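Peer 1: Sharing a structure, written as structure tokens. Questions coming.
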2 protein chains.
Amino acid sequence: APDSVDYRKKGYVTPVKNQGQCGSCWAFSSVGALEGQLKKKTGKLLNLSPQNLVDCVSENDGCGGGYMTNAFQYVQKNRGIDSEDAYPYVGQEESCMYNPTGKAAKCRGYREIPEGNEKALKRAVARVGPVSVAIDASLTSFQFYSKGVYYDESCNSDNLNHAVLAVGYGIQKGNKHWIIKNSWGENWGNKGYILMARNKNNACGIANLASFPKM
Amino acid sequence: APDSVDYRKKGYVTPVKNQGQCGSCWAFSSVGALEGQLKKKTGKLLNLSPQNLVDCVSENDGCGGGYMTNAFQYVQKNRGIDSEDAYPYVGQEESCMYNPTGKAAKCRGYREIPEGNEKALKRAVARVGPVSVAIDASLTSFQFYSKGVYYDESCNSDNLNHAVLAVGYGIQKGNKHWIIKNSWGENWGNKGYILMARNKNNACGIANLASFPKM
Ligand SMILES: *[C@](=O)([C]([C][C][C][C])[N]C(=O)O[C]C1([C]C2=[C][C]=C(F)[C]=[C]2)[C][C][C]1)C(=O)[N]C1=[C][C]=N[N]1
Ligand SMILES: *[C@](=O)([C]([C][C][C][C])[N]C(=O)O[C]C1([C]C2=[C][C]=C(F)[C]=[C]2)[C][C][C]1)C(=O)[N]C1=[C][C]=N[N]1
């Protein structure tokens, strides 16, 4: 694996979205990972539908949270997921309005990164592409993040509560990091992104519940 | 009165929730106590709405924290609280959207446990049911709790920063404890729970800010 990787430069990452007043971070994380594999397999980058996931993944809790793996499973068993244009994001749970006509991607399943292994996560990102990850984003320090490589001793890897997307990794000012795409809008963090400490004892639990879809 | 009590066995406790990033621990603590009394009064166990409290208890600070007593006061004055289904949790403060038709419980008052009295808290849990309590959960040792009876001399009884639910009490390997339900997801601690030292000089301030609603 390369010392650094940034899928944003390769056109594998769509613009930063804003999930609004809906606990759908898991759906944005999921579509982000799907968009990466779609681009890698078809060569086209397009926005997939997080609303499709919020409304149709029965095992998850819609605007109340959910597992990225359940989303991948849904896409697989559903034989597809709609594009954002065909199933627009509205910010609240609605009745399932999925339709094969707007299908823009499929899923053959998913894999979970060995729990707590950042080196494994690194390998996955390098070989597969953007990977869905879960972290503790409950600290005010995370909420008001502006720049630099984020590390807070108070982060709790035993309290995973937010789903985001690892689109790469590298180092800045001698500090290794993960390039994380959030879904709180472009005005949050650094243009919607946050560099999170890498190889710093699994800070914020970045490698505790990571996964990627098979396409 | 009994040596041991566990309301989870009696079906007075709903599944462990994940509060996300919103500082709503007080709301989950409040609904937990309300859920217990509702089961007792109607025989039914159901999720009540923490979002309803976050958005409508103007006396509190929404995602910035709040008092469980102010929550009970609101339910009383408001003539009710919604079920989770009728007012779903989204992990961010919204405009107050209380639905009167979705009312699932009422509150005719509440009482505050005499400050620092663990004996009184014990009697309350035994007689009333689950009780809302506040503790010092700022220690790394608390964050990474996994098993046994939690005790850390560095805990500060007068640093009440986290709201949880006491669903019982007992003794493990000779160590008296309180059975505490957190709102950091089922993967935190021991299936979302933590046993905290009981009768150990009011450890972590367990009996300094405890209260329960009446139905
Ligand atoms: C976001 O962080 C969601 C919010 C959940 C609470 C509204 N969290 C989330 O989905 O995390 C997913 C898990 C933990 C989990 C699993 C199942 C659940 F039902 C709930 C939580 C981490 C790995 C799985 C989020 O959307 N944040 C947000 C809310 C409002 N704006 N941003
Ligand atoms: C939680 O511990 C909240 C967070 C408040 C700060 C964001 N604390 C809390 O509400 O505690 C309630 C008190 C103390 C208090 C009173 C009034 C306030 F305005 C603030 C605090 C204890 C008894 C009353 C919490 O939600 N933690 C959490 C946030 C994200 N994940 N977990």
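Following the order of the structure tokens, first chain is A, next is B, and so on, with residues numbered from 1 inside each chain and ligands from 1 in the order they appear.
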Fit chain B to chain A, all Cα atoms paired in order, least squares. Then write it as a PDB file with C-alpha atoms, in the first residue's frame.
Peer 2:
ATOM      1  CA  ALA B   1       0.365  -0.071   0.307  1.00  0.00           C
ATOM      2  CA  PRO B   2       1.232   3.491  -0.780  1.00  0.00           C
ATOM      3  CA  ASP B   3       2.260   5.993   1.906  1.00  0.00           C
ATOM      4  CA  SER B   4      -0.591   8.307   0.899  1.00  0.00           C
ATOM      5  CA  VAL B   5      -3.932   7.981  -0.898  1.00  0.00           C
ATOM      6  CA  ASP B   6      -6.613  10.591  -1.657  1.00  0.00           C
ATOM      7  CA  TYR B   7      -9.576   9.353  -3.702  1.00  0.00           C
ATOM      8  CA  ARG B   8     -10.859  12.913  -4.079  1.00  0.00           C
ATOM      9  CA  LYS B   9      -8.016  13.473  -6.550  1.00  0.00           C
ATOM     10  CA  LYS B  10      -9.091  10.354  -8.462  1.00  0.00           C
ATOM     11  CA  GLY B  11     -12.682  11.494  -8.875  1.00  0.00           C
ATOM     12  CA  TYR B  12     -14.204   8.733  -6.733  1.00  0.00           C
ATOM     13  CA  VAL B  13     -15.814  11.165  -4.293  1.00  0.00           C
ATOM     14  CA  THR B  14     -18.988  13.183  -4.820  1.00  0.00           C
ATOM     15  CA  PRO B  15     -19.559  16.650  -3.346  1.00  0.00           C
ATOM     16  CA  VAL B  16     -20.094  16.971   0.416  1.00  0.00           C
ATOM     17  CA  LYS B  17     -23.782  16.773   1.376  1.00  0.00           C
ATOM     18  CA  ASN B  18     -25.795  18.339   4.218  1.00  0.00           C
ATOM     19  CA  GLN B  19     -27.935  15.685   5.933  1.00  0.00           C
ATOM     20  CA  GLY B  20     -30.233  18.139   7.692  1.00  0.00           C
ATOM     21  CA  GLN B  21     -31.864  16.875  10.905  1.00  0.00           C
ATOM     22  CA  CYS B  22     -32.484  13.226   9.928  1.00  0.00           C
ATOM     23  CA  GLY B  23     -30.197  10.699  11.652  1.00  0.00           C
ATOM     24  CA  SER B  24     -29.057   9.455   8.253  1.00  0.00           C
ATOM     25  CA  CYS B  25     -25.266   9.704   8.607  1.00  0.00           C
ATOM     26  CA  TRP B  26     -25.174   5.916   8.066  1.00  0.00           C
ATOM     27  CA  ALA B  27     -27.002   6.321   4.748  1.00  0.00           C
ATOM     28  CA  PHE B  28     -24.595   8.985   3.483  1.00  0.00           C
ATOM     29  CA  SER B  29     -21.659   6.856   4.626  1.00  0.00           C
ATOM     30  CA  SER B  30     -23.128   3.883   2.753  1.00  0.00           C
ATOM     31  CA  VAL B  31     -23.777   5.731  -0.512  1.00  0.00           C
ATOM     32  CA  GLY B  32     -20.312   7.269  -0.268  1.00  0.00           C
ATOM     33  CA  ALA B  33     -18.754   3.808  -0.306  1.00  0.00           C
ATOM     34  CA  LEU B  34     -21.147   2.669  -3.046  1.00  0.00           C
ATOM     35  CA  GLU B  35     -20.328   5.763  -5.132  1.00  0.00           C
ATOM     36  CA  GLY B  36     -16.650   4.893  -4.930  1.00  0.00           C
ATOM     37  CA  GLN B  37     -17.169   1.326  -6.167  1.00  0.00           C
ATOM     38  CA  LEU B  38     -19.552   2.503  -8.900  1.00  0.00           C
ATOM     39  CA  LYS B  39     -16.901   4.874 -10.246  1.00  0.00           C
ATOM     40  CA  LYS B  40     -14.441   1.981 -10.158  1.00  0.00           C
ATOM     41  CA  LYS B  41     -16.756  -0.455 -11.962  1.00  0.00           C
ATOM     42  CA  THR B  42     -18.450   1.829 -14.511  1.00  0.00           C
ATOM     43  CA  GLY B  43     -16.070   4.778 -14.729  1.00  0.00           C
ATOM     44  CA  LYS B  44     -18.913   7.108 -13.786  1.00  0.00           C
ATOM     45  CA  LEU B  45     -19.208   9.281 -10.686  1.00  0.00           C
ATOM     46  CA  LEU B  46     -22.750  10.030  -9.562  1.00  0.00           C
ATOM     47  CA  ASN B  47     -24.801  10.738  -6.466  1.00  0.00           C
ATOM     48  CA  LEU B  48     -26.604   7.658  -5.174  1.00  0.00           C
ATOM     49  CA  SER B  49     -29.726   7.855  -2.985  1.00  0.00           C
ATOM     50  CA  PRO B  50     -29.388   8.002   0.810  1.00  0.00           C
ATOM     51  CA  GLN B  51     -33.169   8.520   0.975  1.00  0.00           C
ATOM     52  CA  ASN B  52     -33.574   5.122  -0.714  1.00  0.00           C
ATOM     53  CA  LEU B  53     -31.671   3.569   2.211  1.00  0.00           C
ATOM     54  CA  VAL B  54     -33.398   5.598   4.925  1.00  0.00           C
ATOM     55  CA  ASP B  55     -36.868   4.575   3.698  1.00  0.00           C
ATOM     56  CA  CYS B  56     -36.211   1.025   2.521  1.00  0.00           C
ATOM     57  CA  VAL B  57     -33.692  -0.607   4.875  1.00  0.00           C
ATOM     58  CA  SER B  58     -36.257  -2.057   7.271  1.00  0.00           C
ATOM     59  CA  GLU B  59     -33.406  -3.618   9.246  1.00  0.00           C
ATOM     60  CA  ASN B  60     -32.246  -0.121  10.221  1.00  0.00           C
ATOM     61  CA  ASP B  61     -34.012   2.653  12.152  1.00  0.00           C
ATOM     62  CA  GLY B  62     -34.508   5.270   9.442  1.00  0.00           C
ATOM     63  CA  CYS B  63     -33.829   8.746  10.823  1.00  0.00           C
ATOM     64  CA  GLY B  64     -32.992   7.101  14.135  1.00  0.00           C
ATOM     65  CA  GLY B  65     -29.773   5.571  12.838  1.00  0.00           C
ATOM     66  CA  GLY B  66     -28.582   2.334  11.287  1.00  0.00           C
ATOM     67  CA  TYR B  67     -25.751   0.026  10.205  1.00  0.00           C
ATOM     68  CA  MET B  68     -23.911   0.550   6.912  1.00  0.00           C
ATOM     69  CA  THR B  69     -23.704  -3.239   6.599  1.00  0.00           C
ATOM     70  CA  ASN B  70     -27.506  -3.533   6.707  1.00  0.00           C
ATOM     71  CA  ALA B  71     -27.598  -0.913   3.940  1.00  0.00           C
ATOM     72  CA  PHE B  72     -25.243  -2.930   1.725  1.00  0.00           C
ATOM     73  CA  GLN B  73     -27.262  -6.064   2.508  1.00  0.00           C
ATOM     74  CA  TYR B  74     -30.429  -4.284   1.358  1.00  0.00           C
ATOM     75  CA  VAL B  75     -28.879  -3.122  -1.920  1.00  0.00           C
ATOM     76  CA  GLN B  76     -27.758  -6.701  -2.586  1.00  0.00           C
ATOM     77  CA  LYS B  77     -31.105  -8.333  -1.757  1.00  0.00           C
ATOM     78  CA  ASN B  78     -33.034  -5.549  -3.510  1.00  0.00           C
ATOM     79  CA  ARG B  79     -30.928  -5.971  -6.662  1.00  0.00           C
ATOM     80  CA  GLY B  80     -29.969  -2.300  -6.634  1.00  0.00           C
ATOM     81  CA  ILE B  81     -30.053   1.242  -5.271  1.00  0.00           C
ATOM     82  CA  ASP B  82     -31.452   4.369  -6.939  1.00  0.00           C
ATOM     83  CA  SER B  83     -29.544   7.429  -8.067  1.00  0.00           C
ATOM     84  CA  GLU B  84     -30.081  10.610  -6.033  1.00  0.00           C
ATOM     85  CA  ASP B  85     -31.938  12.107  -9.020  1.00  0.00           C
ATOM     86  CA  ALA B  86     -34.434   9.215  -9.105  1.00  0.00           C
ATOM     87  CA  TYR B  87     -35.000   9.156  -5.323  1.00  0.00           C
ATOM     88  CA  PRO B  88     -34.108  12.620  -3.906  1.00  0.00           C
ATOM     89  CA  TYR B  89     -33.149  13.231  -0.275  1.00  0.00           C
ATOM     90  CA  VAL B  90     -35.720  15.146   1.798  1.00  0.00           C
ATOM     91  CA  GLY B  91     -34.272  14.812   5.305  1.00  0.00           C
ATOM     92  CA  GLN B  92     -37.181  12.860   6.803  1.00  0.00           C
ATOM     93  CA  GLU B  93     -38.266   9.221   6.519  1.00  0.00           C
ATOM     94  CA  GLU B  94     -40.855   8.525   3.800  1.00  0.00           C
ATOM     95  CA  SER B  95     -42.618   5.369   2.625  1.00  0.00           C
ATOM     96  CA  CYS B  96     -40.276   3.167   0.583  1.00  0.00           C
ATOM     97  CA  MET B  97     -40.446   4.506  -2.991  1.00  0.00           C
ATOM     98  CA  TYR B  98     -37.683   2.502  -4.658  1.00  0.00           C
ATOM     99  CA  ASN B  99     -37.868   3.008  -8.437  1.00  0.00           C
ATOM    100  CA  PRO B 100     -36.407  -0.017 -10.279  1.00  0.00           C
ATOM    101  CA  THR B 101     -35.911   2.019 -13.453  1.00  0.00           C
ATOM    102  CA  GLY B 102     -33.873   4.562 -11.518  1.00  0.00           C
ATOM    103  CA  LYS B 103     -31.415   1.862 -10.429  1.00  0.00           C
ATOM    104  CA  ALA B 104     -27.885   3.256 -10.716  1.00  0.00           C
ATOM    105  CA  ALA B 105     -25.801   0.669  -8.862  1.00  0.00           C
ATOM    106  CA  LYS B 106     -25.803  -2.871  -7.497  1.00  0.00           C
ATOM    107  CA  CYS B 107     -24.058  -4.635  -4.616  1.00  0.00           C
ATOM    108  CA  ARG B 108     -22.757  -8.207  -4.758  1.00  0.00           C
ATOM    109  CA  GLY B 109     -21.600  -8.286  -1.156  1.00  0.00           C
ATOM    110  CA  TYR B 110     -19.600  -6.430   1.485  1.00  0.00           C
ATOM    111  CA  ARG B 111     -16.869  -7.054   4.041  1.00  0.00           C
ATOM    112  CA  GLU B 112     -16.239  -5.792   7.564  1.00  0.00           C
ATOM    113  CA  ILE B 113     -12.709  -4.691   8.459  1.00  0.00           C
ATOM    114  CA  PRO B 114     -11.192  -6.773  11.288  1.00  0.00           C
ATOM    115  CA  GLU B 115     -12.192  -4.819  14.399  1.00  0.00           C
ATOM    116  CA  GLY B 116      -9.598  -2.327  15.623  1.00  0.00           C
ATOM    117  CA  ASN B 117      -7.136  -3.098  12.833  1.00  0.00           C
ATOM    118  CA  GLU B 118      -6.007   0.214  11.319  1.00  0.00           C
ATOM    119  CA  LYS B 119      -3.425  -1.563   9.165  1.00  0.00           C
ATOM    120  CA  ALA B 120      -6.207  -3.582   7.540  1.00  0.00           C
ATOM    121  CA  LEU B 121      -8.315  -0.451   7.108  1.00  0.00           C
ATOM    122  CA  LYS B 122      -5.338   1.216   5.415  1.00  0.00           C
ATOM    123  CA  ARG B 123      -4.875  -1.695   3.012  1.00  0.00           C
ATOM    124  CA  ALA B 124      -8.609  -1.679   2.288  1.00  0.00           C
ATOM    125  CA  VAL B 125      -8.699   2.029   1.453  1.00  0.00           C
ATOM    126  CA  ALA B 126      -5.655   1.662  -0.801  1.00  0.00           C
ATOM    127  CA  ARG B 127      -6.974  -1.377  -2.693  1.00  0.00           C
ATOM    128  CA  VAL B 128     -10.766  -1.050  -2.637  1.00  0.00           C
ATOM    129  CA  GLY B 129     -11.429   2.675  -2.420  1.00  0.00           C
ATOM    130  CA  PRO B 130     -13.464   4.768   0.036  1.00  0.00           C
ATOM    131  CA  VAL B 131     -14.560   2.764   3.105  1.00  0.00           C
ATOM    132  CA  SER B 132     -17.528   3.381   5.438  1.00  0.00           C
ATOM    133  CA  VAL B 133     -16.407   3.900   9.045  1.00  0.00           C
ATOM    134  CA  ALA B 134     -17.915   4.732  12.431  1.00  0.00           C
ATOM    135  CA  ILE B 135     -16.395   7.079  14.998  1.00  0.00           C
ATOM    136  CA  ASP B 136     -17.022   8.833  18.293  1.00  0.00           C
ATOM    137  CA  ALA B 137     -17.972  12.320  17.073  1.00  0.00           C
ATOM    138  CA  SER B 138     -19.564  13.441  20.342  1.00  0.00           C
ATOM    139  CA  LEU B 139     -16.769  15.767  21.488  1.00  0.00           C
ATOM    140  CA  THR B 140     -17.033  19.524  21.182  1.00  0.00           C
ATOM    141  CA  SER B 141     -13.499  19.431  19.760  1.00  0.00           C
ATOM    142  CA  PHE B 142     -14.754  17.265  16.888  1.00  0.00           C
ATOM    143  CA  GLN B 143     -17.783  19.490  16.281  1.00  0.00           C
ATOM    144  CA  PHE B 144     -15.655  22.616  15.953  1.00  0.00           C
ATOM    145  CA  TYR B 145     -12.796  21.060  13.969  1.00  0.00           C
ATOM    146  CA  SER B 146     -11.186  23.436  11.478  1.00  0.00           C
ATOM    147  CA  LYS B 147      -7.712  22.172  10.548  1.00  0.00           C
ATOM    148  CA  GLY B 148      -4.786  19.912  11.366  1.00  0.00           C
ATOM    149  CA  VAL B 149      -4.892  16.273  12.418  1.00  0.00           C
ATOM    150  CA  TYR B 150      -7.714  15.753  14.907  1.00  0.00           C
ATOM    151  CA  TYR B 151      -6.787  13.975  18.127  1.00  0.00           C
ATOM    152  CA  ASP B 152      -8.515  14.132  21.514  1.00  0.00           C
ATOM    153  CA  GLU B 153      -7.624  11.727  24.318  1.00  0.00           C
ATOM    154  CA  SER B 154     -11.224  12.018  25.535  1.00  0.00           C
ATOM    155  CA  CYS B 155     -12.484  10.242  22.404  1.00  0.00           C
ATOM    156  CA  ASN B 156     -13.884   6.809  23.209  1.00  0.00           C
ATOM    157  CA  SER B 157     -13.087   4.009  20.759  1.00  0.00           C
ATOM    158  CA  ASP B 158     -16.108   2.029  21.937  1.00  0.00           C
ATOM    159  CA  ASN B 159     -18.605   4.889  21.644  1.00  0.00           C
ATOM    160  CA  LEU B 160     -19.436   4.549  17.938  1.00  0.00           C
ATOM    161  CA  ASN B 161     -22.166   7.127  17.353  1.00  0.00           C
ATOM    162  CA  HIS B 162     -21.469   8.675  13.942  1.00  0.00           C
ATOM    163  CA  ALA B 163     -20.968   7.177  10.457  1.00  0.00           C
ATOM    164  CA  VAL B 164     -18.612   8.793   7.950  1.00  0.00           C
ATOM    165  CA  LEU B 165     -16.437   7.963   4.937  1.00  0.00           C
ATOM    166  CA  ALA B 166     -12.684   7.357   4.791  1.00  0.00           C
ATOM    167  CA  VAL B 167     -11.614   8.602   1.356  1.00  0.00           C
ATOM    168  CA  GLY B 168      -7.888   8.302   1.912  1.00  0.00           C
ATOM    169  CA  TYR B 169      -5.009   8.639   4.344  1.00  0.00           C
ATOM    170  CA  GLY B 170      -1.586  10.186   4.636  1.00  0.00           C
ATOM    171  CA  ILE B 171       0.544  12.373   6.851  1.00  0.00           C
ATOM    172  CA  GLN B 172       0.559  16.076   7.686  1.00  0.00           C
ATOM    173  CA  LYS B 173       3.500  17.628   9.525  1.00  0.00           C
ATOM    174  CA  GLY B 174       4.557  14.176  10.694  1.00  0.00           C
ATOM    175  CA  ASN B 175       1.108  13.260  12.016  1.00  0.00           C
ATOM    176  CA  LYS B 176      -0.453  10.246  10.279  1.00  0.00           C
ATOM    177  CA  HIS B 177      -4.130  10.686   9.459  1.00  0.00           C
ATOM    178  CA  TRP B 178      -7.286   9.416   7.778  1.00  0.00           C
ATOM    179  CA  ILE B 179      -9.069  11.729   5.330  1.00  0.00           C
ATOM    180  CA  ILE B 180     -12.710  11.707   6.457  1.00  0.00           C
ATOM    181  CA  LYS B 181     -15.747  12.947   4.504  1.00  0.00           C
ATOM    182  CA  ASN B 182     -18.608  14.043   6.783  1.00  0.00           C
ATOM    183  CA  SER B 183     -22.232  14.791   5.842  1.00  0.00           C
ATOM    184  CA  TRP B 184     -22.621  18.056   7.763  1.00  0.00           C
ATOM    185  CA  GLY B 185     -22.333  20.334   4.737  1.00  0.00           C
ATOM    186  CA  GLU B 186     -19.381  21.901   2.926  1.00  0.00           C
ATOM    187  CA  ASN B 187     -19.104  24.620   5.592  1.00  0.00           C
ATOM    188  CA  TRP B 188     -18.460  22.191   8.452  1.00  0.00           C
ATOM    189  CA  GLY B 189     -14.850  21.426   9.348  1.00  0.00           C
ATOM    190  CA  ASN B 190     -12.435  21.922   6.460  1.00  0.00           C
ATOM    191  CA  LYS B 191     -14.657  22.135   3.384  1.00  0.00           C
ATOM    192  CA  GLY B 192     -16.744  19.331   4.887  1.00  0.00           C
ATOM    193  CA  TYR B 193     -13.749  17.107   5.666  1.00  0.00           C
ATOM    194  CA  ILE B 194     -11.655  16.287   8.721  1.00  0.00           C
ATOM    195  CA  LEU B 195      -8.235  14.661   9.086  1.00  0.00           C
ATOM    196  CA  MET B 196      -8.370  12.170  11.969  1.00  0.00           C
ATOM    197  CA  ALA B 197      -5.384  10.663  13.794  1.00  0.00           C
ATOM    198  CA  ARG B 198      -4.150   7.402  12.274  1.00  0.00           C
ATOM    199  CA  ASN B 199      -2.234   4.668  14.131  1.00  0.00           C
ATOM    200  CA  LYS B 200      -2.899   6.512  17.387  1.00  0.00           C
ATOM    201  CA  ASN B 201      -4.365   3.518  19.220  1.00  0.00           C
ATOM    202  CA  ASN B 202      -7.479   3.395  17.016  1.00  0.00           C
ATOM    203  CA  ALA B 203      -8.452   6.957  17.957  1.00  0.00           C
ATOM    204  CA  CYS B 204     -12.201   7.584  18.117  1.00  0.00           C
ATOM    205  CA  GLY B 205     -12.775   3.939  17.169  1.00  0.00           C
ATOM    206  CA  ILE B 206     -12.012   4.596  13.494  1.00  0.00           C
ATOM    207  CA  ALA B 207     -11.345   0.910  12.716  1.00  0.00           C
ATOM    208  CA  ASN B 208     -13.945  -0.705  14.988  1.00  0.00           C
ATOM    209  CA  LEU B 209     -16.945  -0.619  12.653  1.00  0.00           C
ATOM    210  CA  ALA B 210     -15.617  -0.228   9.110  1.00  0.00           C
ATOM    211  CA  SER B 211     -16.973  -1.931   5.991  1.00  0.00           C
ATOM    212  CA  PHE B 212     -17.076  -1.658   2.207  1.00  0.00           C
ATOM    213  CA  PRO B 213     -19.419  -2.916  -0.542  1.00  0.00           C
ATOM    214  CA  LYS B 214     -18.427  -4.982  -3.560  1.00  0.00           C
ATOM    215  CA  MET B 215     -19.659  -4.499  -7.137  1.00  0.00           C
TER     216      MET B 215
END
Peer 1: As a list in words, please: every residue in range 81-193 of chain A that a backbone DSSP assignment puts in alpha helix (DSSP H).
Peer 2: residues 118, 119, 120, 121, 122, 123, 124, 125, 126, 127, 140, 141, 142 and 143 of chain A
Peer 1: When DSSP is applied to the backbone of this structure, which of range 15-159 of chain B are assigned strand (DSSP E)? Write them out as a PyMOL selection string.
Peer 2: chain B and resi 81-82+103-105+109-112+131-135+149-150
